[PDB]
Each structure stands twice: as structure tokens, then as C-alpha cells.
Amino acid sequence: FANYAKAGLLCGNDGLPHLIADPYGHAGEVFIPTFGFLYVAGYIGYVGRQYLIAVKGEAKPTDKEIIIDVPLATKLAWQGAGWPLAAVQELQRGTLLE
Amino acid sequence: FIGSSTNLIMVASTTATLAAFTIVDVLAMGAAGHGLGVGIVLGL
Amino acid sequence: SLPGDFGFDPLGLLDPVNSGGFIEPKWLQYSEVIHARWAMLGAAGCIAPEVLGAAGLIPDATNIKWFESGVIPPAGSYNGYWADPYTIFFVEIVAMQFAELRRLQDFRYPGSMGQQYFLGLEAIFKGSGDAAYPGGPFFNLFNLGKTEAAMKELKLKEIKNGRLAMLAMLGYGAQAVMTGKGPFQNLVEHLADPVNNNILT
Amino acid sequence: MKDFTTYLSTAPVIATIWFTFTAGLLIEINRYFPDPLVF
Amino acid sequence: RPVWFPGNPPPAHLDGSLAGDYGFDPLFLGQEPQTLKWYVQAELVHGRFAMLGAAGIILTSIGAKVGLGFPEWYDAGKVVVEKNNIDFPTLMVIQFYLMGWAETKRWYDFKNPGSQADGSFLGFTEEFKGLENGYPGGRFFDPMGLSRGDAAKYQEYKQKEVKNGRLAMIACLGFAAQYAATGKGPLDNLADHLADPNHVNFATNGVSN
Amino acid sequence: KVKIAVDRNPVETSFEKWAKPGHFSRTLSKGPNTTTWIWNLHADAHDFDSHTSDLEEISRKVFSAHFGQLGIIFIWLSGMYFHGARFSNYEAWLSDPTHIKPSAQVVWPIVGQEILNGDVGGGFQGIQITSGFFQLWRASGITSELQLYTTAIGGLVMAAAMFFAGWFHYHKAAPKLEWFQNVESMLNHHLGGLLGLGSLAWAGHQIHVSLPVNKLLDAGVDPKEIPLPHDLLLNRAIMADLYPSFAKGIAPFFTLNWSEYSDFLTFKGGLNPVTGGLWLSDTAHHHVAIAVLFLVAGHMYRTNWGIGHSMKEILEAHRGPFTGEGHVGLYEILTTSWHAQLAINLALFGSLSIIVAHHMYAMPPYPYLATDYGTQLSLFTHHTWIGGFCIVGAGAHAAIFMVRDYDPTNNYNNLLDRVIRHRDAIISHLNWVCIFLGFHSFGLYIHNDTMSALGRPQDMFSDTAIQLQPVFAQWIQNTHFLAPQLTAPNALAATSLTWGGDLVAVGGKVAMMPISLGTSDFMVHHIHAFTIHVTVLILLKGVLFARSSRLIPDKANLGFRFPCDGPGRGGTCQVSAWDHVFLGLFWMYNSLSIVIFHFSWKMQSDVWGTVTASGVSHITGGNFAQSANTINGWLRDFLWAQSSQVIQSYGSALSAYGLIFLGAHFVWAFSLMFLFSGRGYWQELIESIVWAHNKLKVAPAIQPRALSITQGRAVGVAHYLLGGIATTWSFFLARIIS
Ligand SMILES: CC1=C[C@H](O)CC(C)(C)[C@H]1/C=C/C(C)=C/C=C/C(C)=C/C=C/C=C(C)/C=C/C=C(C)/C=C/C1=C(C)C[C@H](O)CC1(C)C
Ligand SMILES: CC1=C[C@H](O)CC(C)(C)[C@H]1/C=C/C(C)=C/C=C/C(C)=C/C=C/C=C(C)/C=C/C=C(C)/C=C/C1=C(C)C[C@H](O)CC1(C)C
Ligand SMILES: CC1=C(/C=C/C(C)=C/C=C/C(C)=C/C=C/C=C(C)/C=C/C=C(C)/C=C/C2=C(C)CCCC2(C)C)C(C)(C)CCC1
Ligand SMILES: CC1=C(/C=C/C(C)=C/C=C/C(C)=C\C=C\C=C(C)\C=C\C=C(C)\C=C\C2=C(C)CCCC2(C)C)C(C)(C)CCC1
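Residue numbers (the authors' numbering), protein chains in the order written: chain F, 115 to 137, 143 to 217; chain K, 29 to 48, 84 to 107; chain 3, 60 to 260; chain J, 1 to 39; chain 7, 30 to 238; chain A, 12 to 749.
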């Protein structure tokens, strides 16, 4: 309770903290977290993209969806840290779309 | 122990059932007479 | 081919057609013998104090029943020992680990225990092709059964003293649970009044 | 053990060795930073 | 040749070529030859740290059991810290830097034979060579040059080193499981056992452990 | 010549096949092209008959599979003991049963879950268990946790041994077909060793450990102060003191003076008044008799000596005029088909688990069982379920035999043939009887609802207005309470208080009391009997026409598990035996659900409650007889009124039940998506989504495919059951605990 009073959330006639979702009194409620997600989700997605494409050219790709090449994935895992800088550059370059 | 109405009946029921022969027949009709006799003693 | 064969197998165990695991001719002749050899140790070992003590050679302390020695604490434990019964059981485990597993490695590989050094004894522990009957200067110092005939008969002699001593142990136990006395106190009391000191009583 | 490791790198095994990791991580962070509605 | 479990033959992947090779990998861990090249260094370092550590306790402990000055290995970290000027967090961080450096360089010799050899450092070229996975040698690691002496003389030491290594690793963990079960120093655990060995065992207090 | 036959080392033990999913079939071994592969390999994982034609390999697989199962179950049993030792209130519970709630689960302190650790007594904070272990433990004579720990470690070892056993008997020493076919020997050994020596040795535990320790506890003496159960063995002075006949030892046994053992081997019946459970003495004598019965029974069949019956002989003997050749051919079937055996065994197990529920309902065999209403409702509902499922399974496999194993040419059987030749009469008659039953059961409730709505209570089916008395049942109840006087003289009280009088109560709560039977009970039983008959209709129809019908004569070739044979013949949706099992599961759920609702309402209204000044206040005040005659009464007096405690369970220890209450509705409703739809839609949906993937170069190699029609049905029924059952589960437990 003390740590929402220090955070300074808006509490209604209910007595419960409601949230603010547009602009700057209450940025951290949604506006910051929001990026958090789009990053880590974009991270997961782009790693998964770089895996499936990296397999694609190897006779039978379907085996690598099941008996997953772990040491391939764990290298793509770290590579997928800087993904928006790659994701942008790939949209530029024009290898992003079929 | 070789005396009472418990034993008198047990020995009578065994020799009666056996009279009605290799290895397998004796242990069967012996367990018949004992399978018989026990109820007579726990009865009377 | 096995000694002690008087043809007694109601339960088709030694039948070699489609055998597996521990229902193996080679295996069971082994067990029976090692069983025999232990059983004879236990038979003579369980009674000896009760006898020799009664004989008045052994002091008042030592002259205990077999189950009062500290094997089964609730039935009685001894005191006057080099140590407690658990500091013993460890000295046992290490030894019986060595001397049972070695014996397993002759069973598993005939030649083995001959090659890999063991303080000069590796020379001794060569085996005899037959597992149960290893021999050599360690386990046959007097080179007895010098002929194939005299051996086969000694192998006859062994199994029968054994089988007897195994039943004797089945004796001393089943006897001790019902009596609550040692099978030598049971024997002398049975010499004194055969019909009063009995199962039926 | 080339074979044993391929099995450990099977889909259902990886998923589980991955989820116990990203579950712990989220239980862990909720311990030392308890009860978040901001950050 | 001699083996861990006499009679049972040793597994193929063990040649009798490596120091302390007694056909012992009952769990097929070090089968793929690279993953064993990795374990032969873990084992060496583990044993070298364990040896320094065992020598490290075995001398403090007699030093404490010879004159009432030195502290017991358990409560001898705080005694170093509190008494003397120094802090914990920084040591722990300083350590991590130096050990970090020292390791991160050994780290890139496992994957690359003669990597750090390139002089890419302080011009020190020939001192950071390969040689043999586990023995780096040169003027630093083997100053006296037993490394560059004789074929047999050095082969026998590999043997000595791994064995002492494996005994110190045991020894160390006893120190650690003996303080635990009895709450005393390893020359109080040793004095109590010499005076009355038949009674002062595990059988008393030290359970199955 | 019944003998030990084994193959040596039939299968090597390296991980070469682990690393190859779907090794077991030539089809799946090729790998996945589509995602359907993934499902198939789990679907057919245990289906050994389709893998191989060799009955040997199948036979080796099946029990090793059973050793694995038994290992798992031991590990499970190990679990409960350990927690009962480590994380429980049992010692606190072994000192004031009445005022401590049984608990053997603790939550960790994170994420608000702490609230689940409720005020359960004995100075311990936790989850109240309803498994009934605490009473088992008291019945077994367990006094301290240490004992529970030791039992736990033993179960873990046994788990290891069973796992070892299962690897062994497949990889080192796999038994030969001959072996598995020694039915007479198997039967004899299972009857005499397993059941016989099992209950004999147990009865040993009961006579040497349970009976003494129980009397001292019921006496009231502190459990810590109670002598240890081995000292009862070596000091029989304590046993002599507790029951006198021990002084004479095993002499009265051999001399046939058994009447001297009347101290601890009784026939009293009723309940122990101080504990609300059956006499342990009755139970000890029960197991003693049963052991002898089974032991002698297990010496019926011929083995390695002339003596004994042969199964085939008894079967071939038993024939008559109406049936023709009768039982002939059945032995050969039941020695070559696992499915047929599975079918038999599931029917009778299932039936057994339900009779176990009832008999445990009516005759609480454990201490302070009866008065732990949570435990009693949990156990009866549980055991009623698993029975339910097993019975449907019996039907399923019966059909599987019917399709895959039946071969008249090779293995002829006439009973079966005659059954097949008049199936139409059987199914038509079952149809009729079911419509009958449906009308004259449901119709009665609708009639009542209408009369009640139209203001005509005097015209209703009820004790007040209409009387439909259970005259037979009342007769049998009459005969049961008068039996101890006439037909069972040596028996002191009745088997159960729900027949006799003598209302026995413990700790101010009702343990048991006479159950009145009126019109409402007349109703619900006939509903049941309706539901069972419908379920039987579906499943029997399924099994009898599995092979062929008028629509699809060659159904047998198409399989046990298959969707349809197209929109032809007017449309052939759900023709397969599987689909019958499918629909059978829903009706089974229906039937079983009314039973447990019947149980819960019955118990709270007419039986359970508190005991005041020479009088009884029931939990729901005897509303049953008057309310359960209309649908509205269930809707309101049972559902609506009782759901109160679950719906406000928030903010408490019971809140998890509210969460599971909602979650189970969710999952139930979620099933309907699968049940109501078809994969045609889903596959096109998937076409569009796949487009989207391909557009961004994120298409999978394993081609995404909608579930099969069959899988859609399986997922549907599974989520339907899980949702329904879990909702009733959260309901009862929160209700009865609060
Ligand atoms: C063969 C056959 C055939 C067909 O087919 C069928 C049938 C008939 C069934 C089968 C069977 C038979 C039989 C019965 C057998 C038996 C055996 C035995 C009993 C053994 C023992 C065996 C036994 C044994 C070894 C034993 C041993 C022992 C010992 C060492 C002892 C020790 C001791 C001593 C001294 C002292 C201390 O204080 C104590 C102790 C520690 C204790
Ligand atoms: C190897 C070798 C080598 C080289 O070359 C040479 C040499 C050295 C000589 C050798 C050695 C040897 C040896 C060691 C031996 C041993 C033996 C024994 C001990 C036996 C026993 C043996 C033993 C035995 C039989 C035993 C038996 C017993 C019996 C019957 C018993 C009886 C009884 C009973 C039950 C009961 C009662 O109440 C009592 C009585 C009456 C008492
Ligand atoms: C009647 C009859 C018959 C037969 C039948 C039979 C075949 C029967 C059988 C029966 C049997 C076959 C039985 C058995 C039984 C057994 C038992 C009853 C057991 C018991 C046990 C116990 C109680 C023990 C205990 C102990 C002691 C006391 C001490 C030490 C330890 C021991 C554990 C050993 C015939 C057909 C001929 C004819 C017609 C009629
Ligand atoms: C700010 C904000 C807001 C608003 C927002 C909005 C209004 C938005 C819009 C938006 C939009 C209007 C969007 C659009 C989009 C488009 C497109 C066209 C997309 C695309 C995508 C893609 C192409 C992706 C890719 C990828 C990646 C990158 C990674 C992972 C994998 C993947 C392949 C998925 C709110 C108030 C709510 C809250 C607060 C803040």
C-alpha cells in the first residue's frame, strides 16, 4: 500500500488504483511497460524467424523443428538481442517480404 | 491330546473320506478329511 | 552332471529350455553350494558357544544364545566387544564387498582376478573354469580330490552336509521363535522329558 | 550419448527445460520485487 | 593394464594414454572426445584448487592446533576480514576481475590450440602456447622446466598430479562433511580418533552422511 | 507342463530409438510433413496391435508397461506418506480429531498464494485434505511421523524395484507366449497368493498392531505415551492385558478352541461409538475369513499335476438347447486377445469401484471417517467416477476386440454368433425400454413442475399428495434390521445404521442414522436406471454393430477409430465404434452427475448435521423429500442455495475453489467450440494465417494442419468432461468444507 502511495497512482471513489494509458503524470503505468513487451515479443519472434530461415536450406527442415539444433538456437538467441536494429535494416534492405 | 471328541471325529472323517492311488490322491483326500473334520469340532 | 542330483524338482526350475536371469543351471548349483557353505558355518557357529559355555570352557559373560549376540538388538545385544556393533558392520561391508564382488568377477569372467594385480594374490585367484569350485593353493592347500572320482565324491559329501545344515538353520530359527530358548537348551531339556518338551506343548 | 543428447534436444524436453527457466525467472523476480503494478 | 573395477574391461573411449585412466566413466559422460578434452581440464584444475585448498587447511589447522593464534578454516574468513582493514564485496569483485582474466584466457585455449600464443598481449608470445591440453608450461607456468626436461620424468608426474588431485578433492570434501557432522577442526577430528578409534567413528554421531 | 519360459536379451538397451520419434510405426518413422504427425505419434503410442502382428512382442510390452505403471503408483503412494510425515498436522490430529481439520499440504509464501494456508488447527497453517489418509493412518496404528517417513522411503525403493522389473522383463529376460498363456496358474496364484496371503498378512498387521494401539487411543491415553508396536510383539503381557486369550497363545488355534479368540475376533457390527467407524475387531475377523476363502479358492485349476479343473473343459461342457454350442471356443479367444480380457476386466473393476463407494458410504471402516463430511463426500464421488470411466472403457475395448480380433474362420464361437444374429431385437428393445424409462422418470418431474406452476400441489408426485412408495426397498430395510434377531443371531447390531436404528454420533456430529425413503427417492433411482440403460444402449449398439450394419456392411475394414464414410447414403456421420464410445462418455457423465448430486443433497438434508437437546438439526433441514420432486427444487434448493459458499469463497483459504469453479466453466464451454464445429472452417482459416506467415518468411516446414475430425471429437469430450467434473469438484469441496 505504502509503495503505490509513493508511486502516486490515481485511486477512485472505489478505493482501488485505476490506470492512465495515453500521455506526463503517469508514464510508467503503461507507456514504458508497453515498449518492454514489443521488445521481448519482437525478440522471441525474430529469433524464431532467424531459426526457421537458417534451417530452411538443409535437405529436410522438418527434423530441426522437432530435434531442435540447440547450439544453432542459443547463438540466434543472443543475436536476437539487437533485433530492432536488424529488423529495421532488413525492412530497408528488402529481404523482409515475399 | 490323542483322546477328546475333537480328535475322535477328525481321525474318523479322514479314514471315511480316504476309503471312497498315486501321490496326488492322498494329500487331496487327506485335506478333504481335514477340510471335513474341522467344522465337526468347531460345531459340536 | 551336478553333484547332489537325486532327482527332486517338482517346480521345473533347472529345466534349461528357454531359461533366463537367475533360473540358470550354472547359477543355481553355485547358490546352493555358497548357501551350503554359509549354512554349515551358521549351524556349527550358532550352537558352539551354548555348547562350549555349558561345557564350562567359555566364561559366564560370553556364553550367550545365537540371537542374543547383538544381530537382533531387541532379542539381546552384547557389551564386551572390541567396539559397538555398527563400527563392526562397516568393517564387514568393506570386506564382504571385496570378497563377494571378486567372487562375482570369476563367475562373470573365468580368467579375470588372475591378470589385474592384487598384492601377489592375483597369482592365486585364477579359478578352475568351474566357478563354485575354484581351488588353487589359497582354497585347496592340501590338494584333496586328487583324482576326478575322489573329487566328484567330495562334491557329493559337501552338498549333503550343506543341505542338512540349511535345514538345521531353518531348525534353529523356527525353533527359537516358538521356544524362546537356544537349540542346545531345547536339546538337553528334550533329553530330560521328550514328551513334555515338544511342539505339541 | 550423441543419441541421448539428441533426445534431450527433442521438442517436448527443450520446451520443459525452457519453461521451468522462464517460470522460475518470473517467480524469482516476484520474490525480491514483490507485487508490481509499475515497472 | 590396471583398472578401477578389476575384471570388467575399460570402455573403448579410454586408451590408457591419459594420466589416471582407470577405465572409469560408468555413465558415458566423457564419450565424445571433445567433451572429454573439456573434463580432463575440469578434473586437473578442480584437483589443483583442491590440493592448494587441502594443503591450505592442513597447515592453518595444525597452526591453530600448534599455537592458539590461527583460526579454524570454517570461521577463518570473517577472522581475516573483521581483524584486518579489508571489505568483502571488493575482494569478491577484485578476485572476479583477476580470476576472470586468468580464466577467460584459458577459456580461449580449449577451443583454439595456440590462440593466446600470437603475442597479442604484452609481447609475451612463447609463454602462452598450447603444448598439451591441461599443462601450459613455458617460463611462467613451469618456471624450473620439468615440462621441458625428460619424456618419462614428466609422464610420471601427470600420474602423480591427477592422483594427488583426486585424493585432495576427496580430502577437501571430508573437511567439509566432517565440520558439518561433528562441528570441529580436522586435527580435533584426528586427535579424538587416534586416542579412542574404536568408539570415535561415524557410528557415534556422524550418521550415514 | 506349466513352466518358466523366457527369451534371453531380445532388445538392446541403447538410446538409438529414443532419438527417433515414431520408431514404432513404418508410417510415422518417415517423419512429419504436416503437423498432424505430432498428434498421431501420441495417439498410437500404446497401440501395440497396429505396430506388430506378433502376439509375443505385444505380450512382452503389455506388463513391462504394467511394471512401469506400478512404479509410478508406488512413487505416488510414496508422495502422500512423505507429505503426511513432513508437511502435515497428523500428530496434532492424533490428539483431538474432532477439533482439527486434516491437512497435508503447505503453500510457499509468494504471489498472495499464502492466503490458501488456512486456519486448520494444531498450530499449523495449510490446505485441508479430503483424501482420507489421516484415518487410514489411525486404522493402520500409525502414531508418529517417523513411521510415515519410513513407509515413504520404502515406497520409493519399491518404485525403483518395479522400474527395474519392467526394464528387466523386456530387455534381459522376456517371457514366452506359452508363459503368458498359463491362465490356470495365473488365476490360482493371484487368488491365493495376492488376495489370500495379502489379506492374511494384513490381518496379521491388524491383530498385532491395529487392534491394540487403537484401543489405547480410544481409551484416551496420549499417543506419545502409547507403547511402540514392536514392543507389543515381544511383550505380549500388554496384549494379554488388553485381550485375555493371548495368554493361551496359538494353542486355541490348533486345538480348534477358536471361541476363546472372541476377544479380538468379533461379529458385533454397527459402529464403534467412540469413533464412528466399524469395529477393527470385525474387520480383523473379516480379513481372516476372507483369506481362508481365497486361499482354498486358489486351488481350483489344473497346473502341473492331474488334479484341478481345465478352463476349456468347463467351457466346452456348458451348452444347451436355445444357445446351440454355447461357451465353446471362448477359452481360445480369451487366451489370444488382450482386448477381450481388458473388456471383461474393466466392466467388473468399474462395477467394483462403485460398490466400494456405496459400501464405504454406508459402512465407514476407518476412525473418525463418518464425521469428516468433506472426506466422505470426496471419497464417494471420486470412487463413483473412476468406476464410471472404467465401465465405458470396457465397452470401448469390447468393440475393439469385435473389430480387430474376431475371426470366425480361425476362432469360431457360437454364443457370439447367435448374439450377432439377433442384435436388431436387442437394440430395438433397449431403445423401447429407454424411451419408456425416460418418459416415466423425466416426465414425472415435468408433470410436477407443471402442477406446481398451475397451483395444484394436491396433484403432485410427493409424500403429501401423490404417493409412490419404495415398498420393496422398505421391505429389504425391514428385513435388514430384524436380521440380527432371526437370520443372523450371532450378530449383535446391524451392518449399518442406515437400515437399523441406534443413531450413533461423534463429537456432536452425526456419524450415521436411519435413512428414510420416500417419493423423491423413488424418482431419482428411476432417473438413474434410465441413464444407465441409455449408456448401455449407446455402448452395446457400438460394440454389436462395430463390424457391420445395414448402412455400412464393410464397417469392419474401415477400423475401430475413423470419422465417417462420407456424405453418401444420406450422410454417415459418427458411424464408428469410437463415436459410440464418444457419445457414451456424455451419457455416462450425465448419469454419474445426478448420482453424486443425489448423494450430496440426500446426505446434507436427511442425514448430516448437529445433535442438540435429545434432537437433530440437519444441514439443509429435510427439504429433500419436498423439494427434489421438481426441477425447480434442484435449480433453487440444491444448485442456487448450495453454490453460495463457492461463489463467495474469495478472500479466504477456499478461494482456489472459486478460481477453479470459474476455470472449469471456462474449459467446459471451451470444449463446445470443438464439438459444434468442423475442420473445414479451420483449415481455410489456417490457409489465410499461413499466407500471413509466408508473407514474412516465417512459414513452418511442418505444414500446419487442423486437427482430424476424430481428434476434434476427442478434444471436445475431454474438455467437456474435465470442465464439468472440475466444476462439480470445486463446488462440493468448498461447500462441504465451509
Ligand atoms: C530345492 C528345491 C527344489 C524344488 O524344485 C522346490 C523346493 C523343494 C521348494 C526347493 C527348495 C528347497 C528348500 C526348502 C530350500 C531351503 C534352503 C535353505 C533353508 C537354506 C538356508 C541357508 C542358510 C544359511 C546360509 C544361513 C547362514 C547363517 C549364518 C552364517 C549365521 C550367522 C550367525 C551366527 C553364527 C551367530 C550370530 O549371533 C547370528 C548370525 C549372524 C545369524
Ligand atoms: C575348503 C578346504 C580346502 C583344503 O584343501 C582342505 C580343508 C581346509 C579341510 C577344506 C576346508 C573345509 C571346511 C572349512 C569345512 C567346514 C565344515 C563345516 C563347518 C561343516 C558343518 C556342517 C554342519 C552340519 C551338517 C550341521 C548339522 C546340524 C543339525 C542336523 C542340527 C540339528 C538340530 C536341530 C536342527 C534342532 C535341534 O533342536 C538341535 C539339533 C539336534 C542340533
Ligand atoms: C474340502 C474338500 C476338498 C479339498 C479342499 C482343499 C484343497 C483345501 C485346501 C486348503 C489349503 C491349501 C489351506 C492352506 C492354508 C494355509 C494357512 C492357513 C496358512 C497360515 C499361515 C500362518 C498363520 C503362519 C504364521 C507363522 C507363524 C505362526 C509362526 C512363524 C511365522 C509364520 C508366518 C510361518 C477336496 C477337493 C479334496 C474334496 C472335496 C472337499
Ligand atoms: C502509442 C500508444 C498508443 C497508440 C498506439 C497506436 C495508435 C498504434 C498504431 C499502430 C499501427 C497503425 C500499426 C501498424 C502496423 C503495420 C504493419 C504492417 C506491421 C508489420 C509487422 C511486421 C512486418 C512484423 C515483423 C516481425 C518482426 C519485426 C519481429 C518478430 C517477427 C515478425 C516477422 C512478426 C496507445 C494509446 C494505444 C497506448 C499508449 C501509447
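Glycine is no exception: its CB is placed at the ideal position from the N, C-alpha and C atoms.
Cβ of residue i within 8 angstroms of any chain F Cβ
{"i": "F4 (chain J)", "result": "no"}
{"i": "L707 (chain A)", "result": "yes"}
{"i": "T20 (chain J)", "result": "no"}
{"i": "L37 (chain J)", "result": "yes"}
Residue i: CB within 7 angstroms of a non-hydrogen atom of ligand 4
{"i": "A567 (chain A)", "result": "no"}
{"i": "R212 (chain F)", "result": "no"}
{"i": "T45 (chain A)", "result": "no"}
{"i": "residue 141 (chain F)", "result": "Structure remark: chain F lacks residues between 137 and 143, so residue 141 (chain F) is without coordinates."}
{"i": "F170 (chain 7)", "result": "no"}
CB contact check: residue i to chain A, cutoff 8 angstroms
{"i": "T42 (chain K)", "result": "no"}
{"i": "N77 (chain 3)", "result": "yes"}
{"i": "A91 (chain K)", "result": "yes"}
{"i": "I27 (chain J)", "result": "yes"}
{"i": "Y32 (chain J)", "result": "no"}
{"i": "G71 (chain 3)", "result": "yes"}
{"i": "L107 (chain K)", "result": "no"}
Neighbour list for residue i in chain A, Cβ cutoff strictly below 8 angstroms
{"i": "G80 (chain 3)", "result": "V17, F179, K183 and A184"}
Contact test: residue i Cβ vs ligand 2 heavy atom, cutoff 7 angstroms
{"i": "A102 (chain 3)", "result": "yes"}
{"i": "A224 (chain 3)", "result": "yes"}
{"i": "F174 (chain A)", "result": "no"}
{"i": "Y231 (chain 3)", "result": "yes"}
beta-carbon residue i near ligand 3 non-hydrogen atom, thresh 7 angstroms
{"i": "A40 (chain K)", "result": "no"}
{"i": "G102 (chain K)", "result": "no"}
{"i": "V130 (chain 3)", "result": "no"}
{"i": "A295 (chain A)", "result": "no"}
Under 9 angstroms by beta carbon: chain A residues contacting residue i
{"i": "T34 (chain K)", "result": "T266, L267 and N268"}
{"i": "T10 (chain J)", "result": "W29, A30 and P32"}
{"i": "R168 (chain F)", "result": "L707, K708 and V709"}
Residue i: contacting residues in chain F (beta-carbon distance under 9 angstroms)
{"i": "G42 (chain A)", "result": "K179, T181, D182 and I185"}
{"i": "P32 (chain A)", "result": "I185 and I186"}
Closer than 7 angstroms at the beta carbon, the chain J residues around residue i
{"i": "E61 (chain 7)", "result": "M1 and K2"}
Min CB distance residue i to chain J below 8 angstroms
{"i": "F99 (chain 7)", "result": "no"}
{"i": "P203 (chain F)", "result": "no"}
Cβ-heavy atom distance, residue i to ligand 1, below 7 angstroms
{"i": "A98 (chain 3)", "result": "yes"}
Interface residues of chain A facing residue i [CB-CB closer than 7 angstroms]
{"i": "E148 (chain F)", "result": "Within 7 angstroms Cβ-Cβ: nothing; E148 (chain F) doesn't reach chain A, min ~21 angstroms."}
C-beta neighbour in chain 3 for residue i, strict 8 angstroms
{"i": "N238 (chain 7)", "result": "no"}
Closer than 8 angstroms to chain K by CB, residue i
{"i": "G317 (chain A)", "result": "yes"}
Starting from the N-terminal side, write out each stretch of the alpha helix (DSSP H) that is 4 residues or longer and does not extend beyond the segment 137-191 of chain 7.
167-170
Which runs of the alpha helix (DSSP H), 4 residues or longer, sit entirely within the segment 328-359 of chain A?
341-344
What runs of the alpha helix (DSSP H), each 4 residues or longer, lie entirely inside the segment 395-459 of chain A?
425-432
Contact list for the segment 156-169 of chain 3 against chain 7, Cβ threshold 9 angstroms
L160, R161, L163, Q164, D165, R167 and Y168
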